Amino acid sequence: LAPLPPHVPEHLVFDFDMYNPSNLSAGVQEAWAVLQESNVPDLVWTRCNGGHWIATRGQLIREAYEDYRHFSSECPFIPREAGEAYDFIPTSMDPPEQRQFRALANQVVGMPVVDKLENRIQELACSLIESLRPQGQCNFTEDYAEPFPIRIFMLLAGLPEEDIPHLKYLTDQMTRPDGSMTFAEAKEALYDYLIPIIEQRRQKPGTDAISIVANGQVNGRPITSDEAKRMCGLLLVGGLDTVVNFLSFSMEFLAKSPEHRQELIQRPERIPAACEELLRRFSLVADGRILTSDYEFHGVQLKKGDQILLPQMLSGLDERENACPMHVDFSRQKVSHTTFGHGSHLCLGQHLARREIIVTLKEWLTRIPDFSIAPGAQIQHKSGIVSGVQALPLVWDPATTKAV
Ligand code: HEM
Ligand SMILES: CC1(C)[C@@H]2CC[C@@]1(C)C(=O)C2
Ligand SMILES: [K+]
Ligand SMILES: [Xe]
Ligand SMILES: [Xe]
Ligand SMILES: [Xe]
Ligand SMILES: [Xe]
């Protein structure tokens with residue numbers, strides 16, 4: 001616990017630990033949702049992880065993401081030493097500077113690229129699920145959730161699959177550190193990996209995502225090698241952690257809810273709507289901003305340099321945004337969330353993520369329509385910048401499946 005700063009009033013101190021929150025055994029989303037009980041203010045300070053503000057309601061989260069002149073992305077991670085070392089592009093830049101790098105990043109993960117990968121995405125999903133289907137069981141996080149999105153990303157980036165354990169280890173240290181590595185060490189290891197590859201693909205340009213970034217232009221002038229490395233590293237982290245973790249929350253839910261499986265089996269055209277409602281309920285990202293100056297925000301004096309967590313996860317769990325927010329309703333009329341962020345840093349990979357989610361749901365429910373959590377298993381979650389599921393043992397009767 002870190003000393004309460006002079007300017008923070010005692011009545012706003014809620015000691016939430018974003019990397020190990022108290023109620024984690026109830027589920028990670030439920031654990032973060034304690035910040036939205038009736039007694040907790042819209043905006044609290046925690047003395048954990050070096051001390052920082054935490055906006056607890058959607059209205060505040062949205063407002064702060066919109067207002068980049070006060071809430072800068074120059075230092076977006078907690079703790080402060082991670083935020084300070086964080087220099088990925090475009091996330092560590094504010095508009096106007098940030099904008100030129102988004103266009104280039106859209107070339108490698110945008111909707112036209114998803115469209116092109118659509119065949120290989122469908123093929124991999126079907127191939128992984130068919131391999132599992134006759135077994136009547138799997139360790140879902142390791143047997144599908146990791147390989148499906150990771151192999152697609154490695155394909156797109158033109159990187160060998162033998163590199164996956166190394167890269168996955170590093171990305172995990174940046175979002176859910178286990179203590180062995182600081183954020184800055186993990187980041188420099190990722191850069192060290194990328195540097196020779198970026199140099200090779202600048203000499204010998206190809207079709208892969210690293211070539212496209214490394215040989216690209218930003219508003220009409222050549223990207224530097226340094227800029228290319230800082231963008232490629234961001235893309236790697238996005239590719240190796242987000243969808244991986246979200247698939248496991250979604251499948252855990254479906255494994256526990258037969259009526260929700262039945263709804264999608266009966267009406268598969270609802271799968272896109274169900275993806276969105278699962279993105280609200282099992283939102284999993286929480287990063288933030290740093291104050292560029294002293295600023296009074298919703299009755300609370302913030303000091304220049306203060307860090308504020310603006311949990312993208314919380315907005316759609318907010319009762320004030322969505323009635324009965326812990327209930328999953330595929331017919332929910334207005335699904336309101338900030339799962340893919342908000343403002344000028346809106347997720348660039350969201351079209352790829354939705355596609356992978358939708359393809360997974362359709363292809364899993366076609367072949368393995370009925371499945372359950374393995375008898376006796378208690379599923380454990382983990383919290384951090386991106387929250388996750390430690391393991392997800394599933395079982396089914398093969399007699400109920402169908403090869404397609
Ligand atoms: C379930 C899947 C995903 C979720 C929930 C998610 C969430 C987010 C969020 C909340 C942000 C904004 C962060 C901020 O404002 O500081 C973001 C940005 C970003 N994401 Fe995603 N993401 C997902 C998948 C992906 C994938 C697969 C990629 C592929 C590389 C990706 C690439 C990016 C990039 C490049 C940005 C930065 C945009 C900018 O700073 O201008 N994301 N993501
Ligand atoms: C918070 C994010 C999900 C977003 C894309 C990858 C991630 C970990 C970042 O550093 C920016
Ligand atoms: K920084
Ligand atoms: Xe990518
Ligand atoms: Xe990349
Ligand atoms: Xe899923
Ligand atoms: Xe389905």
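Just so you know, residue 1 is the first one in the sequence shown, and it goes up from there. Values reported hereafter were calculated over all heavy atoms of this structure, with side chains retained and with hydrogens, waters and symmetry mates removed.
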Between [atom1] on residue [X] and [atom2] on residue [Y], distance to nearest 0.5 Å:
{"X": "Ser344", "Y": "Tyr65", "atom1": "OG", "atom2": "OH", "result": "11.0 Å"}
{"X": "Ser315", "Y": "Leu310", "atom1": "OG", "atom2": "CG", "result": "9.0 Å"}
{"X": "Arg120", "Y": "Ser127", "atom1": "CZ", "atom2": "OG", "result": "10.0 Å"}
{"X": "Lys229", "Y": "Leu194", "atom1": "NZ", "atom2": "CG", "result": "9.0 Å"}
{"X": "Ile121", "Y": "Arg151", "atom1": "CD1", "atom2": "CZ", "result": "14.5 Å"}
{"X": "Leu394", "Y": "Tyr144", "atom1": "CG", "atom2": "OH", "result": "12.5 Å"}

Ring centre gap for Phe253 and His260 strictly below 6.0 Å: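 Yes.
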
Aromatic contact, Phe282 with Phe246 (centres under 6.0 Å): no

Counting C-beta onward and ignoring hydrogens, is there a side-chain heavy-atom pair between [X] and [Y] closer than 4.5 Å?
{"X": "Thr360", "Y": "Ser250", "result": "no"}
{"X": "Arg281", "Y": "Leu317", "result": "yes"}
{"X": "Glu63", "Y": "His298", "result": "yes"}
{"X": "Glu296", "Y": "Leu302", "result": "no"}
{"X": "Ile290", "Y": "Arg80", "result": "yes"}
{"X": "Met93", "Y": "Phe101", "result": "yes"}
{"X": "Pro76", "Y": "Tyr86", "result": "yes"}
{"X": "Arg320", "Y": "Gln59", "result": "no"}

Ignoring hydrogens, what is the shortest heavy-atom contact between [X] and [Y]? Give both atom names and the distance.
{"X": "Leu234", "Y": "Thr91", "result": "CD2-OG1, 3.4 Å"}
{"X": "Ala214", "Y": "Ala228", "result": "CA-CB, 3.8 Å"}
{"X": "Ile308", "Y": "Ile54", "result": "CG1-N, 4.4 Å"}
{"X": "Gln107", "Y": "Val113", "result": "O-CG2, 3.0 Å"}
{"X": "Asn322", "Y": "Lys334", "result": "OD1-O, 3.3 Å"}
{"X": "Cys324", "Y": "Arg332", "result": "O-NH2, 3.1 Å"}

Results of side chain to side chain contact (heavy atoms under 4.5 Å, CB included) for [X] - residues two or more places apart only:
{"X": "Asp178", "result": "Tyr169, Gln173, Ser180"}
{"X": "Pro398", "result": "none"}
{"X": "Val108", "result": "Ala209, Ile212, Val213, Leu235"}

Could you tell me if [Y] and [X] have a donor-acceptor pair between their side chains, going purely by distance under 3.5 Å?
{"X": "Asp87", "Y": "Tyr191", "value": "yes"}
{"X": "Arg221", "Y": "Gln217", "value": "no"}
{"X": "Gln312", "Y": "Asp287", "value": "yes"}
{"X": "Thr175", "Y": "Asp241", "value": "yes"}
{"X": "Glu321", "Y": "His337", "value": "no"}
{"X": "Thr292", "Y": "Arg69", "value": "no"}
{"X": "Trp53", "Y": "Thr46", "value": "no"}
{"X": "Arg62", "Y": "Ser336", "value": "yes"}

Pairing residues for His70 by the ring-ring contact (aromatic ring centres under 6.0 Å, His included) criterion, not counting sequence neighbours: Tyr295

Those residues that, when tested against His381, pass ring-ring contact (aromatic ring centres under 6.0 Å, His included) (two or more places apart):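 ring-ring contact (aromatic ring centres under 6.0 Å, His included) check on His381 returns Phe249.
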
Sequence neighbours excluded, every pair satisfying side chain to side chain donor-acceptor pair (under 3.5 Å) that has a member inside residues 390-404: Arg133-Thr401

Residues that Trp364 engages under side-chain hydrogen bond (donor to acceptor under 3.5 Å, both in side chains), provided they are two or more places apart: none

Do [X] side-chain atoms and [Y] backbone N/O form a donor-acceptor pair below 3.5 Å?
{"X": "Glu37", "Y": "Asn39", "value": "no"}
{"X": "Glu74", "Y": "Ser92", "value": "no"}
{"X": "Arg261", "Y": "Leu254", "value": "yes"}
{"X": "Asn23", "Y": "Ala26", "value": "no"}

Option from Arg289, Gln301, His52, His7 for which side-chain hydrogen bond (donor to acceptor under 3.5 Å, both in side chains) with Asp306 holds: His7

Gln122 atom CD, neighbour heavy-atom count above 12 within 6.0 Å: yes

Heavy atoms from other residues, nucleotides or ligands near CD of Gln200 exceed 12 (cutoff 6.0 Å): yes

Please identify each residue that fulfils salt bridge (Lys or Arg N to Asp or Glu O under 4.0 Å) with [X], with sequence neighbours left out.
{"X": "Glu146", "result": "none"}
{"X": "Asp94", "result": "none"}
{"X": "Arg270", "result": "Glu263"}
{"X": "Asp143", "result": "none"}

Worked check of side-chain contact (heavy atoms from CB on, under 4.5 Å) between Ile198 and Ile210: CA-CA 7 Å; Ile198 281 168; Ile210 294 167; 3.8 Å; yes

Under 3.5 Å, sequence neighbours excluded: what are the donor-acceptor pairs made by side chains of residues 152-163?
from   : atom 1 : to     : atom 2 : distance (Å)
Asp163 : OD2    : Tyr193 : OH     : 2.6

Verdict with reasoning, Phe371 to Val395, per side-chain contact (heavy atoms from CB on, under 4.5 Å): CA-CA 6 Å; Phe371 53 98; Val395 295; over 6 Å; no

Check against salt bridge (charged side-chain N to carboxylate O under 4.0 Å, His left out), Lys303 and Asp294: CA-CA 4 Å; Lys303 182 166 95 56; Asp294 293 350; over 6 Å; no

Trace of the salt bridge (charged side-chain N to carboxylate O under 4.0 Å, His left out) decision for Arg354 with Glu276: CA-CA 8 Å; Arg354 283 199 180 87; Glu276 214 59 31; 3.0 Å; yes

